[PDB]
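> coordinates for the following, if possible.
(one chain, ligands or ions: 2)
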Amino acid sequence: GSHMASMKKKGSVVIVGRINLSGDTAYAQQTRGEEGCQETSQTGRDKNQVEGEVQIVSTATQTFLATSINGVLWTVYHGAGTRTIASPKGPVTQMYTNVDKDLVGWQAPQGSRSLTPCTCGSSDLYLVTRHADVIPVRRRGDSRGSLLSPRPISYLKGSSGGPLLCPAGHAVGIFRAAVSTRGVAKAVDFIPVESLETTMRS
Ligand SMILES: *[C@](O)(C(=O)NC1CC1)[C@H](CCC)NC(=O)[C@@H]1[C@H]2CCC[C@H]2CN1C(=O)[C@@H](NC(=O)[C@@H](NC(=O)c1cnccn1)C1CCCCC1)C(C)(C)C
Ligand SMILES: [Zn+2]
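Numbering: from 1, shown residues only. Ligands and ions are numbered 1, 2, ... in the order given. Below, you will see the structure:
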């Protein structure tokens, strides 16, 4: 048995900022501080204005990214689990949940902008990090790419859920993991956008 009246619920994912890609300069903006984030995770009620394609999101313990593509805000299952997302009307249930693809999605928040899936086939990609770095990545397979300049894995911590973009700024994938050797990220693993598209098709 167990005492049911004291069973807690997991909080909602909370949008706490965005990676601004609108101008000629990429930069992170914070829209909610830590105390606000904790409260909003509990209530699931977030009245803040949302803008942009890449959101900075937080659970109780971690901060990472979520990316809007085709009207859905996507992130990684290993980060978000089955959590609701906070919104002006209260918690919003996931529209997509797929542990096998490591993928979740919610209806894109009002005010957000969506990326469109890449159709050009380019293997020259750009990873947008949680600190608003735009890192060149050569595509190496369906779900892998190599960093042109390897980095300590710390550099990529917090970027799970962010986008890989083609040269024209279309979505190629969702970053999920670094391939590391002795703490150095030489490559990345991502969820291909075609996998999101199939998820949306049925
Ligand atoms: C992302 O969730 C994030 O930003 N998290 C911060 C806390 C909010 C995070 C980005 C890390 C740079 N992703 C991960 O932590 C992923 C997820 C995916 C499911 C489990 C975890 C582990 N992970 C990783 O990126 C790891 N990488 C790996 O496990 C790779 N393996 C190795 O690097 C390796 C394996 N054997 C020997 C030597 N090295 C595998 C490789 C195959 C594809 C999947 C990733 C770490 C070690 C955390 C970088
Ligand atoms: Zn493209």
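> can you classify the closest residue to ligand 1 within the chain as helix, strand or coil?
The minimum distance from the chain to ligand 1, using C-beta to the nearest ligand atom, falls at residue 160 (2.5 Å). No exception for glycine: its C-beta is placed from N, CA and C like everyone else's. Using DSSP: H, G, I helix; E, B strand; the rest coil, the structure places residue 160 in coil.
> run through the bridge partners of the nearest residue to it once chain neighbours are set aside.
Counting by C-beta to C-beta, 6 or more residues apart in numbering, residue 160 lies nearest to residue 64, which is 4.5 Å off, once chain neighbours are set aside. When assigned by DSSP bridges, residue 64 has beta-bridge partners residue 57.
> doesn't residue 158 make contact with residue 64?
Yes: here residue 64 reaches residue 158: they are 5.5 Å apart, a contact under C-beta atoms under 8 Å.
> more neighbours: which of these two?
It is residue 64, of residue 64 and residue 158, that has more neighbours when counted by other C-beta atoms under 10 Å, with 23 against 17.
> residue 83: how many residues sit nearby?
Neighbours of residue 83 (other C-beta under 10 Å): 25.
> from what I can see it touches residue 59, true?
Yes: assessed by C-beta under 8 Å, residue 83 is found in contact with residue 59 at 6.7 Å.
> joint contacts of those two?
Common contacts of residue 83 and residue 59 (C-beta atoms under 8 Å, 6 or more residues apart in numbering): 11, 13.
> bridge partners for residue 187, pull those for me.
Residue 187 has these beta-bridge partners by DSSP bridges: residue 146, residue 179.
> so how far is residue 20 from it?
From residue 187 across to residue 20, the span is 27 Å (C-beta to C-beta, to the nearest Å).
> report whether stretch 116-131 contacts ligand 1.
No: with C-beta under 6 Å from any ligand atom as the criterion, ligand 1 is not reached by stretch 116-131; the gap is at least 6.8 Å.
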